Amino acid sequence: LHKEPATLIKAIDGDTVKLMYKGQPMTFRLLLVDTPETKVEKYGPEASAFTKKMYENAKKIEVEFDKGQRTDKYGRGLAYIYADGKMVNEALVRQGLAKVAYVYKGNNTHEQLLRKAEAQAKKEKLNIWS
């Protein structure tokens, strides 16, 4: 897998962000995470505020597609997003602001990594695991 640069256009909510990728605007859906939705579930506004902060204060945003299907049926890009080298997908799960989702069409490269972060958040009874 390789990381490619992108530019923040707009944070939408916990699991979705609009980025300029290779010249055009695109909506991305974070791989392997399910965050509470604001469109308003419990912790939904916290999860979206958390990612908004990460995206807006970053010097560099990068997107990493996995080896499976790269867009869902709604036309969203499916990827791991990094803010200053830190994976947002991972940070959400570790902070207990998202659960690890079921693998979608072969996109499982970092599933183990996220599974471990989630077990730890669970042990610490963080947010959603309260």
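Throughout, we count residues from 1 along the sequence that is shown.
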Missing residues, deposited sequence, between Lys39 and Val40 (class: none, 1 to 3, 4 to 9, 10 or more) = 4 to 9
Of the two stretches 23-31 and 73-81, which shows the higher Cα B-factor on average in the entry?
-> 23-31
Averaged over C-alpha atoms, is the B-factor higher for 45-53 or for 87-95 in this PDB entry?
-> 45-53
For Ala58, the third of its chain into which the C-alpha B factor falls = highest
If you rank the chain by CA B-factor, which third does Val17 end up in: lowest, middle or highest?
-> lowest
